[PDB]
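Single chain ahead, written as structure tokens, the form deposited in one PDB entry.
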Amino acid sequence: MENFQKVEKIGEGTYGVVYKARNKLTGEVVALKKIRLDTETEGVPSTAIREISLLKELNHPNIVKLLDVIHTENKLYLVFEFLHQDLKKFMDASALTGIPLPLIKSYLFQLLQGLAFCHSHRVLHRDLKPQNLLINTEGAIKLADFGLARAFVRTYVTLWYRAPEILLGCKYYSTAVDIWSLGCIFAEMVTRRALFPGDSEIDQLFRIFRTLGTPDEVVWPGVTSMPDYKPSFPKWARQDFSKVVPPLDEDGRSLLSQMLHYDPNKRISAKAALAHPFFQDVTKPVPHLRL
């Protein structure tokens, strides 16, 4: 670790401490994630063993690269590619003017490509949210913090981006939980505010029902049988998507409602979302071989 110079502390959380750093020789700027081991009775944290092993195998232009893993007496540093900002800071900074629609489309397209790559490797991110989406000055956005990432998984993300099946006590997670979070983020980029800003699990569920309507066996077969479902839930009408997301066109509202479908089995996949007419301009036609 002698060849690195810490420039600034970017943050501190359950991940550990993240720093901006420089390779003294090379001159490259990296992001360092510091993990203390002396303060860990169980040794290398399971969450770090899983992140390192997973990112060594998940190489994609829209997933932060793990460049190296350095062990330095009672410390473990994970050297990552550096990115200048997170999506939450960018969204707050752009809240008065708004993020231009072409950029929302571009960021969403890249997010779905990263997500589709993860899902083809059978990996659920489980924690998609703005502060986990890192952007750069060259127009790219990348998926970060793979601490909660599990390969399919049973139920045991911060409230606002949590799928309704999770709030209603479903026993098993699916790829549809990540799609739900992206739809929330997509709507947040559009409306310049959180789509469902709940303060409890019941508040989160009721806020989801006030925008999409209280679900029934018709829209979501199985919903009434579910563990945390109550028949006493107030009956709310589904709000018109032209009011939920006014800056969005017909193609935008179509994609958003498919990503926010109640039923995990009917919620659009990342690969299917990339083929939506909302990205007809960004996507190119590919010949299919029947065989």
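All residue numbers refer to positions in the sequence shown, first residue = 1. Rigid core (definition): largest C-alpha set, two forms, superposition within 1.5 Å.
Not on display, but discussed next: the form deposited in another entry.
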In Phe117, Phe206, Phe82, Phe90, the 2 Å or greater C-alpha shift between the shown form and the other one, rigid core superposed, occurs only at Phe82
Is the shift of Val30 between the shown form and the other one large enough to count as movement, that is, does its C-alpha move by 2 Å or more after the core is superposed? yes
Aligning on the core only, does the CA of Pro277 end up 2 angstroms or more away between the shown form and the other one? no
Classify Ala21 as shifted (yes) or not shifted (no) between the shown form and the other one, where shifted means its C-alpha moves by 2 Å or more with the rigid core superposed. yes
So the C-alpha spacing of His119 and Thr283 changes by 3 Å or more in the other form; is that change toward closer or farther than shown? farther
Where do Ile52 and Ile166 end up in the other form, Cα atoms closer or farther than shown, with a change of 3 Å or more? closer
